[PDB]
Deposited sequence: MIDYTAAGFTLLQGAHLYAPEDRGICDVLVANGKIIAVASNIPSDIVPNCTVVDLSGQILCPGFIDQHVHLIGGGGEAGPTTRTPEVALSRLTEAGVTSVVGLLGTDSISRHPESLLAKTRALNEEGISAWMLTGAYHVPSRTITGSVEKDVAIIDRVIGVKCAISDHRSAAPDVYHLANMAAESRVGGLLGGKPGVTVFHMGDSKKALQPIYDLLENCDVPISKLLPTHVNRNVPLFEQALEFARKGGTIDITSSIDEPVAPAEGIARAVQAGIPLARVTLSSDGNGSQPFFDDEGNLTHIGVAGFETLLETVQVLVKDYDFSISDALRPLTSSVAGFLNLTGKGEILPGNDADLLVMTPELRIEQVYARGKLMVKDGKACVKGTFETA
């Protein structure tokens, strides 16, 4: 016989496919880490060496895209002892994360972008999709190449810049330095084919989003580039984030915070406020604090259970919404052409199998592919 296993053909059949938009019992043909077919009832012999897998009675949706992870570690806000460790591959793949955006937090003295870049690339080699934000709470930003615009532009894995405002751990940035920073991220993005966003870590200051509004006055960076996070950290601020989302901006809610506005409670209030889910994403801020990624899947579950969101609508803030905000071409959605980043769940939404770019990451709910030193 002839050898065709080079194509790594795999057919996920008979599952209740949510892409996230609720389709029916659809089949998904995968080849070379790519979804090459999506139409109910596909032949188990349509292609040669095809690893056919029976997912009858199971749910099939896109893997999660988590855009807030301290990949190489974080913390340190209470001495060097509080410096959290780096993130383990299995930790991510088990929480159903197939695409992630790394970043640095408060500590930008013992944590450098070159290391994050390195960890991001190491992750991509191991099986998942990783990107990173340059800078840290600090403004002006400590970059790799000398300027934010240059980083976003020519460093292949940088998709935008991060920073921190209305927080007691900022660098006390002024509107000009802030505006300039975002403008560089925006221009850089265009030159590099990157979303060129600016993610703002929100603190507990009364000022809240005022700096983000002040910025809009002093420059012309589209509001579709300014992403505030941890908006659910205090109610007064959350309320403003909603108003900000009502103006066309997107808001990021961290699943690692459970009060005063819980994650689900957050995604929920937004809908009630009348915000298209498109402008709402959910991040974990994993390995921060030591934060974990369990709360991502838990926010989906609780959304479908405790609140009255549907499986499809619950998934959005963790997939398509995120994908559409960073312009992560080929992700967060199951269609021919897109990447075979998949999650096999039980009817009760309990991740059983995980697929990343075709390769199988989680077999029995436990990763079967791990980082080099786990």
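- Of the deposited sequence, the ranges 290-303, 389-390 have no C-alpha coordinates according to the record.
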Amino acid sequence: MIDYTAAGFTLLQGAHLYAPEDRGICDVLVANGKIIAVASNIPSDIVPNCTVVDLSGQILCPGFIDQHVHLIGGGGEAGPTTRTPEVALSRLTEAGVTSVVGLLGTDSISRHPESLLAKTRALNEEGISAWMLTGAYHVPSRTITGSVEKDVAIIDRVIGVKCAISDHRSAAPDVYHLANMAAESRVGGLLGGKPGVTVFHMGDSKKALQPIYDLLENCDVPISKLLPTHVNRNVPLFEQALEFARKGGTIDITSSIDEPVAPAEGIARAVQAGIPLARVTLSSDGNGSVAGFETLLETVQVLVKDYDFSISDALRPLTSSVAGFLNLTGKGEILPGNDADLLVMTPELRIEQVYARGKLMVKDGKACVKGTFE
From here on, numbers count along this sequence of modelled residues.
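- When the two stretches 112-120 and 221-229 are set side by side, the higher mean Cα temperature factor goes to 221-229.
- Between 56-64 and 39-47, it is 39-47 that carries the larger average Cα temperature factor according to the deposited entry.
- Of the candidates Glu125, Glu149, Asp107, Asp258, it is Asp258 whose Cα B-factor is highest according to the PDB record.
- Within the selection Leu216, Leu71, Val158, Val197, the deposited Cα B-factor values reach their highest point at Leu216.
- The entry lists a Cα temperature factor for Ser289 that places it in the highest third of the chain's modelled residues.
- Ranked by Cα temperature factor within the chain, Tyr176 sits in the highest third according to the deposited record.
- Split the chain's modelled residues into thirds by C-alpha temperature factor. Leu209 is in the middle one.
- Ranked within its chain, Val187 lands in the lowest third, by CA B factor from the PDB record.
- Among the modelled residues of its chain, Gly248 has a C-alpha B-factor that falls in the highest third according to the deposited record.
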